[PDB]
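Structure first, commentary second.
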Amino acid sequence: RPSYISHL
Amino acid sequence: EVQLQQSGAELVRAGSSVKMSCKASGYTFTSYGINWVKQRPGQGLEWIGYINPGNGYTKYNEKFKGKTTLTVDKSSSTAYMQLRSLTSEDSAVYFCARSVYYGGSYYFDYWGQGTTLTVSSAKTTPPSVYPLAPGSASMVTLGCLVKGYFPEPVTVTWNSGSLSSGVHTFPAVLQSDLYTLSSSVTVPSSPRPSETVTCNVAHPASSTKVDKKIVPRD
Amino acid sequence: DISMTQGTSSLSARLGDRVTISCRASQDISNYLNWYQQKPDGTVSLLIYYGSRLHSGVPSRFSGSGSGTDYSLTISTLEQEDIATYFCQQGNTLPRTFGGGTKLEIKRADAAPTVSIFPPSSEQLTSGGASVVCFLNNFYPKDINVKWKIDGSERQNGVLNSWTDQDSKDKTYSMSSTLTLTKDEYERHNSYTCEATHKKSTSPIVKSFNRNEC
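If you want it as structure tokens, here you go:
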């Protein structure tokens, strides 16, 4: 709340 | 555009090993991890392990380590999973899935259609088709027992489809390395045995098309 | 590991209902929970991720919540395509784990099964085998118990059963049960009974035949 998003 | 196409169904004998694939497209292969999940009709889903295409890093579920090896081919965007020392406990459908990073950890956003693995020593063999007539030897039920075939699938129809309603074809079951299934049809007492009632079972793998007539007695 | 449990294995509901599927971790998973929807055939897709609140591109009628050890998926206004199996999955610690899953099915009125029994076919007998078959068709709810009796007493070895998925037009279920024996064992006995116990009656439905009257 919020993000950390597009994998590895 | 994110697609994961897995291998085709697999047939192998115990003690042997197998290697399935998962081809990815529509995204940067090395930017996401690949996980493998196991689904036997009973239980739910089990997490086998995970690999990072970028660095080849792999993490295994203790239960599946030792017999499982995850690898990857960066030049074809393909991840592989090899299973060794197979037993009937390894008979299930396996899925690969992509992981994405949100907050602290990951989740699987895209899955493949799955790969079916059947561990057995059976070889393609046609089913025996037995007619099921009432037992004294308005509505009348008749059946057809399709027993001892391999591998799935089998196609059952009654009177070549001219009889659709009142039909129930059941899921096949493993009756000693071989599959067995049944099918039932219900028709008015005026049509049978006044007229013919035939079950037609096809078994593609053995190139077999059998028509069995249901006649009175036993 | 962290065990994930879904109290309900199968859940009944009518289209348009507000459906709730639960799931509980054996320990605190800090909102690291995800929901997946598996179909009878096209099979698997993600719906909600993280603490059960984030979407993915799925209809807004899918909502998720929970915290600590208890979480849940709510399907507001259930639709036909929503009929499927739902699995939760914790992403807090390793190894990753799923709950047993929850299969939704359509509610309808109770219906007793129509039972039919069939002696072995002459053809099968000629090959030394003998399978007795019993169909229990178009019943509801899906829970049912079939019992085989040979010459009056219960038999359990050599019995294989199959269940069909809920029918797509009527919403009934059907089951097939098969008792297989050698021709010799079969011929050492007389009466064969198939008993169906279903909640639609306290008394079981009984179908049987005698080899001698045959």
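Residue numbers (PDB author numbering), protein chains in the order written: chain P, 1 to 8; chain B, 1 to 137, 142 to 222; chain A, 1 to 214.
Just so it is clear, CB atoms sit at the ideal spot from N, CA and C, and this is done for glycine as well.
query: On a CA-only basis, which of B:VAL72, B:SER16, B:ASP109 and B:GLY66 is nearest A:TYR36? Give me that one, please.; result: B:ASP109
query: List in chain order: all unbroken beta strand (DSSP E) runs of 3+ residues lying wholly within the segment 34-102 of chain B.; result: 34-39, 46-52, 57-60, 68-73, 78-83 and 92-102
query: Could you tell me whether the Cβ atoms of A:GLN89 and A:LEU15 are closer together than 8 Å?; result: no
query: Under 8 Å between C-beta atoms, does B:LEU45 make it to chain A?; result: yes
query: Where are the alpha helix (DSSP H) runs, 4 residues long or more, that stay fully inside the segment 116-192 of chain A, in chain order?; result: 122-125 and 183-187
query: Nearest-angstrom Cα distance between A:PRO95 and A:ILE2?; result: 8 Å
query: What separation, rounded to the nearest whole angstrom, lies between the Cα atoms of B:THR116 and B:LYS123?; result: 17 Å
query: Specify the secondary structure class of A:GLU81 as computed by DSSP and reduced to three states.; result: helix
query: How about B:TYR102: is its C-beta nearer than 8 Å to some C-beta of chain A?; result: yes
query: Label B:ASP90 either buried or exposed according to how many other C-beta atoms from any shown protein chain fall within 10 Å of its C-beta, with 16 as the threshold for buried.; result: buried
query: Quick one, which residues of the segment 144-157 of chain B are near chain A if we go by CB-CB under 8 Å, in chain order?; result: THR145, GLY147, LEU149 and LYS151
query: Cα separation between A:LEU104 and A:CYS134?; result: 27 Å
query: With distances taken between CB atoms, is the gap from residue 138 of chain B to B:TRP36 smaller than 8 Å?; result: Within chain B, residue numbering steps from 137 directly to 142, and residue 138 of chain B belongs to the interval with no atoms modelled.
query: Mind listing the chain P neighbours of B:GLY33? Cutoff is C-beta to C-beta under 8 Å, in chain order.; result: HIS7 and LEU8
query: DSSP three-state label for B:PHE29, please.; result: helix
query: Quick one, which residues of the segment 106-123 of chain B are near chain P if we go by CB-CB under 9 Å, in chain order?; result: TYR106 and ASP109
query: Could you give the residue range of the beta strand (DSSP E) that holds B:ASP109?; result: 105-111
query: Name the chain A residues whose beta carbon is nearer than 7 Å to that of B:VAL177?; result: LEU160 and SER162
query: When the Cβ atoms of the segment 110-117 of chain A are set against those of the segment 197-207 of chain A, are three or more pairs found closer than 8 Å?; result: yes
query: Helix, strand or coil: how does DSSP classify B:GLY165 here?; result: helix
query: Under 9 Å between beta-carbons, which chain A residues line up against B:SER91? List them in chain order, please.; result: Those do not exist, as B:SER91 stays about 17 Å from chain A at its closest Cβ, beyond 9 Å.
query: Between the C-alpha atoms of A:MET175 and A:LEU136, what's the straight-line distance to the nearest angstrom?; result: 5 Å
query: Can you give the Cα-Cα distance for A:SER177 and P:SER6, rounded to whole angstroms?; result: 50 Å
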